[PDB]
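Form deposited in one PDB entry, single chain, as structure tokens, below.
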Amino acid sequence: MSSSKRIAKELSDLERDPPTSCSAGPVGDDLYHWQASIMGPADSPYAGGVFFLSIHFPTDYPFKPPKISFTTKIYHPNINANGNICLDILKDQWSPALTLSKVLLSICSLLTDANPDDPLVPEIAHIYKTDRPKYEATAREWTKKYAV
């Protein structure tokens, strides 16, 4: 009811004013399980790649954050092998005032500017802090293979 109408509202807002590089909507007619895709920023080792996200809205949304997993394989210090993303606003900083499109933005940005202080993958984090080139080189490789 409050959960069903809040998601319908957000879907409708997109169904009108469409984002540019982001693209999201429900899978099938399941209003609680969405799928989305985004392109890697131009100034990132993910540039040109296409990433698919899986989205699960909590039954008590928007008072509880949505579950966002990455479908595509990505080499990022804040994203692990299962697609989990360590992002502040998907947890401790979540708030009913935020939207999914707002969550998508913070993600386009996370890829542009990772956060080595939230080492969800310590190996990728260390390579990041000390040998940025090795990391940027490996990020682009994985983009060619998977982000297509």
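Residue numbers here begin at 1 and follow the sequence given.
This protein has a second form, the form solved in complex with a partner chain, left out of what is shown; the following refers to that one.
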Interface stretch in the deposited complex with the partner chain - options 108 to 116, 46 to 54, 32 to 40, 59 to 67, non-hydrogen atom within 4.5 Å: 59 to 67
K134, heavy atom within 4.5 angstroms of the partner chain in the deposited complex: no
Close approach of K9 to the partner chain in the deposited complex, 4.5 Å, heavy atom: yes
4.5 angstroms heavy atom contact with the partner chain in the deposited complex for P122: no
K5 within 4.5 Å of the partner chain in the deposited complex, heavy atoms: yes
